[PDB]
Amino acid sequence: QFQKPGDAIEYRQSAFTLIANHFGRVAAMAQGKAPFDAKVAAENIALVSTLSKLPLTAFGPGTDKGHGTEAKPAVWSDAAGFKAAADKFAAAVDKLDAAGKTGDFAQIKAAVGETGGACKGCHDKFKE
């Protein structure tokens, strides 16, 4: 667990950073800005899948201020809304995980579009 609040903040920020980087490699393939390689897309989606579970466990009470957090207070006051956004994200990643297993480009591109929306959706209401 986290000894101090700052530990939680740093942990979640670190998780989102890793997720962003690996998810980005798959998105580049989907956008045609990088050659498509099923094995590599699979590896990266696998990483995103494993990491996606992590950051959401570090939003406990008391982790609201300090260590440069960009989490809006609404994360807590509207816990219901936050739970929903997290759920959408989880669902989308499941689709991305499956798509990754099949190696089908069209499916992967569709899943990254969905997942990406899940990131933005949550960010609009709870970040910055």
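Position 1 is the first residue in the sequence shown; the rest follow in order.
Stretches 1-9 and 118-126 differ in mean CA B factor, with 1-9 having the higher one. Here 86-94 and 25-33 are compared by their mean Cα B-factor, and 86-94 comes out higher.
In the deposited entry, the Cα temperature factor of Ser52 places it in the middle third of its chain's modelled residues. For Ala74, the recorded CA B-factor ranks within the middle third of the chain. Only modelled residues enter the ranking. Ranked against the other modelled residues of its chain, the C-alpha B-factor of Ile45 as given in the entry falls in the lowest third.
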